[PDB]
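Below is one structure, written out as C-alpha coordinates, with a few remarks after it.
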Amino acid sequence: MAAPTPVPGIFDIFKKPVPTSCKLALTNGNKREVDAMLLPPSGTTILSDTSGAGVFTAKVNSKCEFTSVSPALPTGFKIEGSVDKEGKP
(Lines give C-alpha, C1' and ligand atoms only; values in the text may rest on other atoms or scores of the structure.)
Protein backbone atom coordinates (compact mmCIF):
# COMPACT_ATOMS: atom_id res chain seq x y z
CA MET A 1 0.00 0.00 0.00
CA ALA A 2 2.66 2.43 1.13
CA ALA A 3 6.38 1.92 1.50
CA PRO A 4 7.81 3.13 4.84
CA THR A 5 11.56 2.95 5.43
CA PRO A 6 12.31 -0.34 7.40
CA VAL A 7 14.78 1.54 9.66
CA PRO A 8 18.40 2.12 8.46
CA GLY A 9 19.74 0.60 11.65
CA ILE A 10 18.70 -3.00 11.71
CA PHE A 11 21.08 -5.99 11.88
CA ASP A 12 23.94 -3.67 12.87
CA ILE A 13 24.15 -1.98 16.25
CA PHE A 14 23.89 1.65 14.86
CA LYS A 15 27.62 1.84 14.82
CA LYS A 16 30.42 0.36 12.81
CA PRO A 17 33.27 -1.59 14.54
CA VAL A 18 35.65 0.99 13.03
CA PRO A 19 36.43 4.66 13.99
CA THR A 20 33.08 6.33 13.28
CA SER A 21 33.33 8.54 16.32
CA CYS A 22 35.90 10.89 17.71
CA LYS A 23 36.49 11.59 21.37
CA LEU A 24 37.63 15.15 21.70
CA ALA A 25 39.03 16.25 24.95
CA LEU A 26 40.00 19.64 25.96
CA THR A 27 42.48 19.77 28.68
CA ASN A 28 43.98 22.89 30.24
CA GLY A 29 47.67 23.68 30.85
CA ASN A 30 47.47 21.55 33.98
CA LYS A 31 46.14 18.83 31.67
CA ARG A 32 42.89 18.68 33.54
CA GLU A 33 40.33 17.39 31.11
CA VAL A 34 37.98 20.30 31.27
CA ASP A 35 35.66 18.82 28.70
CA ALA A 36 35.28 15.82 26.49
CA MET A 37 32.77 15.06 23.82
CA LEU A 38 32.23 12.18 21.52
CA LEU A 39 31.58 13.66 18.09
CA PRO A 40 31.24 12.10 14.60
CA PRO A 41 34.12 12.32 12.03
CA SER A 42 34.55 15.86 10.66
CA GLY A 43 32.29 17.22 13.40
CA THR A 44 32.57 20.34 15.49
CA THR A 45 33.11 19.72 19.14
CA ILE A 46 31.98 22.31 21.65
CA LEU A 47 34.25 21.93 24.66
CA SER A 48 33.68 23.99 27.76
CA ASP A 49 36.65 25.03 29.83
CA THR A 50 36.18 25.11 33.59
CA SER A 51 39.37 27.13 34.02
CA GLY A 52 37.97 30.27 32.44
CA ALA A 53 35.34 29.07 29.94
CA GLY A 54 36.74 29.79 26.54
CA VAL A 55 34.10 27.53 25.00
CA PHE A 56 36.23 25.96 22.37
CA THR A 57 34.85 24.63 19.18
CA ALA A 58 37.25 21.99 17.93
CA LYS A 59 36.51 21.32 14.32
CA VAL A 60 37.90 17.91 13.40
CA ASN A 61 38.56 16.10 10.20
CA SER A 62 37.48 12.50 9.49
CA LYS A 63 40.71 11.45 11.14
CA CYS A 64 39.19 12.54 14.49
CA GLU A 65 41.94 15.07 14.77
CA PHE A 66 41.18 18.61 15.43
CA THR A 67 41.90 20.92 12.58
CA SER A 68 40.88 24.31 13.95
CA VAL A 69 39.53 25.48 17.27
CA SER A 70 37.29 28.45 17.38
CA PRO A 71 37.80 31.11 18.49
CA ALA A 72 41.45 30.14 18.90
CA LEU A 73 43.14 27.71 21.16
CA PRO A 74 45.53 29.42 23.61
CA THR A 75 48.94 28.20 24.66
CA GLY A 76 48.77 25.43 27.21
CA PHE A 77 45.47 24.02 26.21
CA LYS A 78 45.43 20.67 24.57
CA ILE A 79 42.60 19.44 22.45
CA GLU A 80 43.19 15.77 22.29
CA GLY A 81 41.62 14.21 19.30
CA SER A 82 41.16 10.79 20.67
CA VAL A 83 39.34 8.35 18.50
CA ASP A 84 36.53 5.99 19.35
CA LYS A 85 38.43 3.06 20.65
CA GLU A 86 38.03 -0.69 20.21
CA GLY A 87 36.54 -0.45 23.61
CA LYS A 88 34.21 2.12 25.09
CA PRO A 89 35.55 5.76 25.37
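So you can find residues: chains in the C-alpha coordinates are A, B, ... in the order shown, residues in each start at 1, and ligands are numbered from 1 in order.
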
Item to complete: Give the strand (DSSP E) residues of chain A, as assigned by DSSP on the backbone, as a PyMOL selection string.
Response: chain A and resi 22-27+33-39+44-47+56-60+66-70+78-83

Please identify all polymer residues within 12 Å of stretch 29-31 of chain A, counting only C-alpha atoms, omitting same-chain residues fewer than 5 positions from it, and present them as number ranges by chain.
A: 49-52, 73-80

Shortest contact to residue A:26, candidates A:4, A:81, A:40, A:89, atoms counted only C-alpha atoms, goes to A:81

Among listed residues A:34, A:24, A:83, A:2, nearest residue A:57 (using only C-alpha atoms)
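Closest candidate: A:24.
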
Expressed in Å, the length from atom CA of residue A:84 to atom CA of residue A:22 is 5.2 Å

Using only C-alpha atoms, the best pick from A:3, A:18, A:60, A:53 as closest to residue A:38 would be A:60

Between atom CA of residue A:25 and atom CA of residue A:37 lies a distance of 6.5 Å

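Between atom CA of residue A:64 and atom CA of residue A:43 the separation is 8.4 Å.
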